[PDB]
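Data block below; observations after.
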Amino acid sequence: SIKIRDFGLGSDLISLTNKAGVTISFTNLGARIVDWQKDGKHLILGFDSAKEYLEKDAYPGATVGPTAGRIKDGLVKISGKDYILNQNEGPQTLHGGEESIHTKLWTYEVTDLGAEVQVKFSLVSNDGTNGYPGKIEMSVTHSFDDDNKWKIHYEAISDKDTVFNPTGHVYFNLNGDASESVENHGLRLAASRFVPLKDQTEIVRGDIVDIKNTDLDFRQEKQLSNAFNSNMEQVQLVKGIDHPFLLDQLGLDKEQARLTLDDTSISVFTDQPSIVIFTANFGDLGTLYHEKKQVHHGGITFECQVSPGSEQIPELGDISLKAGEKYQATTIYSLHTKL
Amino acid sequence: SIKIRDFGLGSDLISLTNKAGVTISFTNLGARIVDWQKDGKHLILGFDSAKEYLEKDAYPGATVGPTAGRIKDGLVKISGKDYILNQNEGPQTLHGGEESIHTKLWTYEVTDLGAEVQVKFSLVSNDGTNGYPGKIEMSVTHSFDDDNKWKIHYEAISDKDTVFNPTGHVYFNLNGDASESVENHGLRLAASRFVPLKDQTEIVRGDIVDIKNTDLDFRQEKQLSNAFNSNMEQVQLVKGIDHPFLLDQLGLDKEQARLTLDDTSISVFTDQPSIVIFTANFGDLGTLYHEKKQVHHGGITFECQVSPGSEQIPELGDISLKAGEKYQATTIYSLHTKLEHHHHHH
Ligand SMILES: OC[C@H]1O[C@@H](O)[C@H](O)[C@@H](O)[C@@H]1O
Ligand SMILES: OC[C@H]1O[C@@H](O)[C@H](O)[C@@H](O)[C@@H]1O
Ligand code: NA
């Protein structure tokens, strides 16, 4: 079943219920996931209207870009030339800058394929928008299937050499309530390295660190409590996790990560090289979600993308997008229920 | 009464009915007017869904900007420095460039005041978008009242010094059918001067021409056919009208123009200094409007704004916008019946 309704400020809410009766919903404000529920229990964090996102936090569930993450001093090099992108966090360009793609109303079209339903959101980033060369014609297709598979398929094409590395900013919280820490969830992650941050500004420090024998080694499932409790300089620095993890084996077929709570689990697949994990290290902020005051550690992201900091650590990758080249990205979140 | 519904591609249609029973409609796709009807007769040109605007022509009824009209070589001078804007028509920047504001989904909120209903559309033009310094927080409020007044109120504030001069691209056609030429309509226009274009590229020529007593003199109402039939150089150049007219007297209180067909008339008021008129000089194109093949001269605009060409003709004005200054503009289109006695045949 498909249902579309007003979500506020002219935005729409497209709700998809699969054969199993699982519900997922997205809004064109930011080509964003709003909710994901099973048996009346929320799996992710989300708000109840457009205003909340714009007033409270515009990142949750959104498509963020054109470049996800922090870009040092807002600087990228394009065709040997420096370009300063819009600076929204101190001198850094965070998730594409101020009033980026996550705050725009994207156009969209729904395609019902039976066992699968797709919602194709579209938006054009004008040449020069927030400093980014273009125009960039972008699309983000969010699909939901009878097997409880939520897929994100990105496509983009630029009229000019530019940079492109968007991501999905959903926050999971299998407790189905923001006031409950994800400390009790188990996390498995197929990455043997992480990218340390330099300091409170959060720019990449410059090195790649081996995570073997650290509280950040999740190759073997472990309770997030372990990481939250760690004395690791990197953990103390952010008061949780806020880092890029480097995947050991690339390709969409491999289950890159798994998040579990009791009988419920979410598997992560992507064709991207890294997963940026942020554990909602908000302290006392207490942002309200469904009337629940959010707790420190009340959520966790799995931002599949090329790792931030490639401007300083080329080994991480190259987010360059040449004119006329067809950018593609695929990320899958698969829901399972232990029976 | 107000109604809302999906208009296609995620856009919405906001429909108003005033106490007199007059209906008007708008979509957030380009903070645009979609229809205006009197007794089941369309007063303007418009399509039936969002895809038609995007597939056929994205300008009709839209809010265009940041700068309406043609900017030669896309060059503007901002606070002493030159900036090249997006070039979408040869080397010119036409209507703010490619995939501009008329093509975005603006957010909106409706305020019901009873006798008047306001539909405020909002959009942020990021710093650097299409070459424009910014960021610019814009809003376009389209309102309709029991007095048959359709008002357009623009507001904007930029973070940086930039340029700003948007307009409303509504096309009237009192025949209620695009396949019927507006040659049969009477036009009165309070302008003694116009701005000639250089050639087919349509940039301004450089001079201001006096049009008194020519076929482009509408001070005293005359049929549009007088202009269309004219062999004046400027008319032949564009195959009709596609020009800025300079208002002789400024102020929102003055009826600057009036378009009449039989008992129906549209009056134009504005706080802007010129009205750019385009008479849908599409020749044999035939874009379909409600399944009607649009005819050459099947429509007419009254885009109130600062005349295009101030880059070469400083006398026309200055479209610059200082960082932190609040820009405002107001244009009103008012519907009336039996104001005068328009009984003609063509
Ligand atoms: O990824 C986005 C998040 O990045 C974190 O480093 C910040 O502390 C959050 O405020 C922000 O929402
Ligand atoms: O104002 C926009 C209009 O300008 C005219 O000069 C062009 O010929 C039209 O195709 C265009 O829609
Ligand atoms: Na809507």
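The way I read the labels, and the way they are meant: chains A, B, ... in the order of the structure tokens, residue 1 as the first residue of every chain, and ligand 1 as the first ligand shown, with later ones counted on from there.
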For this session: Please return, as a PyMOL selection string, all residues of chain A lying within 12 Å of chain B when only C-alpha atoms are considered.
Result: chain A and resi 4-14+27-31+50-51+54+83-88+96-101+103-110+119-137+159
For this session: Enumerate as a ChimeraX atom specification the residues within 9 Å of ligand 2, counting only C-alpha atoms and all ligand atoms.
Result: /B:57-60,64,68-70,94-95,169,201-202,238,242-243,276-282,301,303
Produce a table with one row for each residue of chain A that has an atom at most 9 Å from any atom of ligand 1, each row naming the nearest atom pair and its distance in Å at one decimal; use only C-alpha atoms and all ligand atoms; arrange rows by chain and rising residue number; format as a Markdown table.
```
| residue | atom | partner | partner_atom_place_in_ligand_line | distance |
| --- | --- | --- | --- | --- |
| A:57 | CA | ligand 1 | 12 (O) | 7.2 |
| A:58 | CA | ligand 1 | 12 (O) | 8.2 |
| A:59 | CA | ligand 1 | 12 (O) | 6.1 |
| A:60 | CA | ligand 1 | 12 (O) | 7.6 |
| A:68 | CA | ligand 1 | 1 (O) | 8.2 |
| A:69 | CA | ligand 1 | 1 (O) | 6.7 |
| A:70 | CA | ligand 1 | 4 (O) | 8.7 |
| A:94 | CA | ligand 1 | 2 (C) | 7.8 |
| A:95 | CA | ligand 1 | 1 (O) | 7.4 |
| A:169 | CA | ligand 1 | 1 (O) | 7.2 |
| A:201 | CA | ligand 1 | 6 (O) | 8.9 |
| A:202 | CA | ligand 1 | 6 (O) | 7.1 |
| A:238 | CA | ligand 1 | 6 (O) | 7.9 |
| A:242 | CA | ligand 1 | 6 (O) | 6.0 |
| A:243 | CA | ligand 1 | 6 (O) | 8.6 |
| A:276 | CA | ligand 1 | 1 (O) | 8.5 |
| A:277 | CA | ligand 1 | 1 (O) | 8.5 |
| A:278 | CA | ligand 1 | 1 (O) | 6.6 |
| A:279 | CA | ligand 1 | 5 (C) | 8.7 |
| A:280 | CA | ligand 1 | 9 (C) | 7.1 |
| A:281 | CA | ligand 1 | 8 (O) | 6.7 |
| A:282 | CA | ligand 1 | 8 (O) | 7.0 |
| A:301 | CA | ligand 1 | 1 (O) | 8.2 |
| A:303 | CA | ligand 1 | 1 (O) | 8.4 |
```
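Coordinates place atom CA of residue 184 of chain A at a distance of 21.7 Å from atom CA of residue 61 of chain A.
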For this session: Skip segment 260-267 of chain B itself and residues of its chain fewer than 3 positions away, then list as a PyMOL selection string all residues within 10 Å of it, counting only C-alpha atoms.
Result: chain B and resi 38+43+148-149+172-175+182+184-189+221-223+254-257+332-345
Saved selection, atoms kept: C-alpha atoms, as a compact mmCIF listing (two decimals), in the first residue's frame:
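As written to disk, out_7.txt reads:
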```txt
# COMPACT_ATOMS: atom_id res chain seq x y z
CA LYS B 38 -14.52 34.11 -13.97
CA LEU B 43 -8.48 34.85 -17.69
CA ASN B 148 -11.00 40.77 -6.87
CA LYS B 149 -7.48 41.93 -6.24
CA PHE B 172 -3.38 37.05 -19.90
CA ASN B 173 -5.74 35.87 -22.60
CA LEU B 174 -9.27 37.13 -21.96
CA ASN B 175 -10.54 34.89 -24.68
CA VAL B 182 -5.28 38.70 -27.97
CA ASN B 184 -9.04 41.72 -30.05
CA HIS B 185 -8.21 43.12 -26.61
CA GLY B 186 -7.94 46.82 -25.84
CA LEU B 187 -4.87 48.05 -24.05
CA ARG B 188 -4.35 51.27 -22.17
CA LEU B 189 -0.79 51.78 -20.89
CA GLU B 221 -6.91 52.68 -25.15
CA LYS B 222 -6.50 50.98 -28.52
CA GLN B 223 -6.72 47.46 -29.82
CA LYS B 254 -1.91 54.69 -10.28
CA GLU B 255 -3.68 52.39 -12.76
CA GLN B 256 -0.65 51.82 -14.98
CA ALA B 257 -2.33 49.59 -17.48
CA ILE B 332 -1.43 44.07 -8.24
CA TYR B 333 -3.70 42.75 -10.91
CA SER B 334 -7.33 43.66 -10.43
CA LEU B 335 -10.37 42.20 -12.08
CA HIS B 336 -13.44 44.29 -12.92
CA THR B 337 -16.55 44.07 -14.99
CA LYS B 338 -18.16 46.79 -17.05
CA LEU B 339 -15.66 49.52 -16.25
CA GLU B 340 -16.01 50.97 -19.71
CA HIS B 341 -17.65 50.08 -23.03
CA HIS B 342 -15.56 47.69 -25.04
CA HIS B 343 -17.55 46.42 -28.01
CA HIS B 344 -15.37 45.47 -30.98
CA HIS B 345 -15.03 42.90 -33.68
```
Exercise. In Å, with one decimal, what is the gap from atom CA of residue 214 of chain A to atom CA of residue 309 of chain A?
Worked result: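 If I compute the distance from atom CA of residue 214 of chain A to atom CA of residue 309 of chain A, I get 22.0 Å.
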Problem set entry | DSSP alpha helix (DSSP H) residues within segment 32-88 of chain A, as a ChimeraX atom specification | /A:50-55
For this session: as an NGL selection string, please: all residues of segment 37-188 of chain B that backbone DSSP puts in strand (DSSP E or B).
Result: :B and (37-38 or 41-42 or 44 or 63-64 or 67 or 70-71 or 75-78 or 81-84 or 89 or 92-94 or 105 or 107-112 or 116-125 or 136-145 or 149-158 or 162-163 or 165 or 167-168 or 171-172 or 186-188)
Exercise. Could you work out how far atom CA of residue 316 of chain A lies from atom CA of residue 232 of chain A, giving the answer in Å with one decimal?
Worked result: 22.8 Å
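Using only C-alpha atoms and all ligand atoms, the smallest distance between any of B:229, B:7, B:79, B:90 and ligand 3 comes from B:7.
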For this session: Please provide the set of residues having any atom within 9 Å of residue 208 of chain B, restricted to only C-alpha atoms, with same-chain residues fewer than 3 positions apart removed, written as a PyMOL selection string.
Result: chain B and resi 193-196+205+246+313
Problem set entry | Shell around residue 339 of chain A at 12 Å using only C-alpha atoms, local window under 4 positions removed, as a list in words |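 The contact residues come out as residues 262, 263, 264 and 265 of chain A.
The closest residue to residue 49 of chain B, picked from B:102, B:296, B:219, B:290 and counting only C-alpha atoms, is B:290.
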Exercise. Can you list, as number ranges by chain, every protein, DNA or RNA residue that comes within 8 Å of residue 67 of chain A when you count only C-alpha atoms, leaving out same-chain residues fewer than 5 positions away?
Worked result: A: 95-96, 163-167
Problem set entry | Shell around residue 215 of chain A at 9 Å using only C-alpha atoms, local window under 4 positions removed, as a PyMOL selection string | chain A and resi 211+226-232+235
With C-alpha atoms retained, export the selected residues as a tab-separated table (two decimals), in the first residue's frame.
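part.tsv, freshly written:
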```tsv
chain	number	residue	atom	x	y	z
A	211	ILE	CA	41.52	-0.61	15.07
A	226	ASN	CA	32.14	-1.02	25.26
A	227	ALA	CA	32.91	1.75	22.93
A	228	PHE	CA	30.99	4.34	24.88
A	229	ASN	CA	32.91	3.33	27.98
A	230	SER	CA	36.29	3.37	26.37
A	231	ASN	CA	39.14	5.62	27.53
A	232	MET	CA	40.38	5.83	23.95
A	235	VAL	CA	36.35	8.25	22.01
```
